[PDB]
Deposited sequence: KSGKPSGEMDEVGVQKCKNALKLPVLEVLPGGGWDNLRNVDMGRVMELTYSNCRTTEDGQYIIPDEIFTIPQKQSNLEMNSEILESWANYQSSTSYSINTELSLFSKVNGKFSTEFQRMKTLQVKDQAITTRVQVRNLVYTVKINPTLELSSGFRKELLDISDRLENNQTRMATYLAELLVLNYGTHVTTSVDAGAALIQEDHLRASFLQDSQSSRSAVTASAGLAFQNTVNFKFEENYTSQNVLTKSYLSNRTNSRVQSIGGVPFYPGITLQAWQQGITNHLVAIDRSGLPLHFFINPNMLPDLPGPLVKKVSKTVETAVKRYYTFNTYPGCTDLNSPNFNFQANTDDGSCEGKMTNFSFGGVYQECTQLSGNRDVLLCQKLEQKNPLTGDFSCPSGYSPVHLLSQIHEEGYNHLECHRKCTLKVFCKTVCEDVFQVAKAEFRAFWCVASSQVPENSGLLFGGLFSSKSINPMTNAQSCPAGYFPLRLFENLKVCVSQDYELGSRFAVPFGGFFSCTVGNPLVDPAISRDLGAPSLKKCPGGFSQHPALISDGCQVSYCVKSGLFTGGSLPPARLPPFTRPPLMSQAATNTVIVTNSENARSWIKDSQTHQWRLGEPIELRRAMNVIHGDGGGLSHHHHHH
């Protein structure tokens, strides 16, 4: 009777299913959430009179069709097109080199070029139909507004670390962007993975390699599965043998099946439209005082910074620097940003061992946290490096833990305390000159959220034994040289978001935050908003499957160990405006100059 169905019964038309306004994760090219409010109250149609659109949506009829007879050769996977999200991946931003590189299309493309030494060629029929954009005058959604009125309450009850936790669930549900224009259409793509040596000799006839790749596309679609082709003349007998992989996908329209005339495919584009391109803006662009009218002025510029910080923390994590050049040695497969760490010489370093101390700040009774958090060296004894080494700091933070008393008088009431314990986690560095023995070996780390790539499980190898360093992490270590020399990998040092390692620039801003030359860096155990890394040189830690995207949240949910401070008056000093909250938690109205002076006396 109201909403969509009133416009749909009166008009008898389909609804356009390619709509903007929704969110967009930009690492994994997936769509999620609904940021903008789409209401169908005026019963608008497209100017064709064929679909039904929302009110705050205007369409531009493209009615365009592209048909190319040549494939485009896309070697060197570091710069690639996405064919569905090319306009939103290549924005001018500081993280343009990480966009798109966790989507499902990229992790397939990167694997087939390294595991086969291949290049890729796509050929496509584009069929762009509309361009669907949002108006500038537009309001936020009903559910997206509610979760910004919860970030702005924790920031005014003086609860940081809970407002950071809710701004990292905001990015989990609504992505990093908001699509502001989509493109309803339907492509038809064929990707081939040719062998890379097949292109190097055909420098002149590279225009004939692609001319047969675009003719093998049209014989696959037009003729049936039975080979009645017209392309097998001279060179489409090595081309069939030099290829390593082939697939054909369709994005809109009727489902593709091999042998369907290109006439018959293009008559199913109607009523089956998808976004074959999209553009967008960042997520914190839409947190501003004219999208949120009832909140105060400078309070939504602080929500916009808390949500901006959680997007930049989701791109700083999921960034793997390493040697990207494929023909070189020290090629890191998991790396998705070039570091310049190729062609470097390595130096074998020896490390003393890690240790850790606890302090047990608050809850000295009923919970004893300084047993689980404490760890000694395996080769020294107490909390110290051995004789020829030196300690560095690497991290220091607080481990909270809730418990329960129960004071019975039968009536009983229970009190919920919290027990804190600050832990400091050192590691040792070879100072001047150490002989070849008298040092622990290394067998890789494994956290509780990860695995050791020596044994492909959460376990140290044979002969090795773990020792705890950051309340979940286990460093596999053995002191032997006959039975533990098979699983030993050379070690380059820990560093963090604060303290870089001193093993770069030898014989020594403290230092840089990177590995020495020839070593690859790997993340291990993000521990409350700061990640610690470690440098190795194996090639076994390098290989394997590509890592999935590490989704937020990264902080554990806090234990509410901070009291709330009720804020009433909000002001800025530079234009003399004030927003006085009324009684019984109603709203934020603007402050008249006769009531704020009567309200500052009860504050301070």
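Numbering the deposited sequence from 1, one finds several regions with no C-alpha coordinates, namely 1 to 10, 420 to 429, 529 to 533, 630 to 642.
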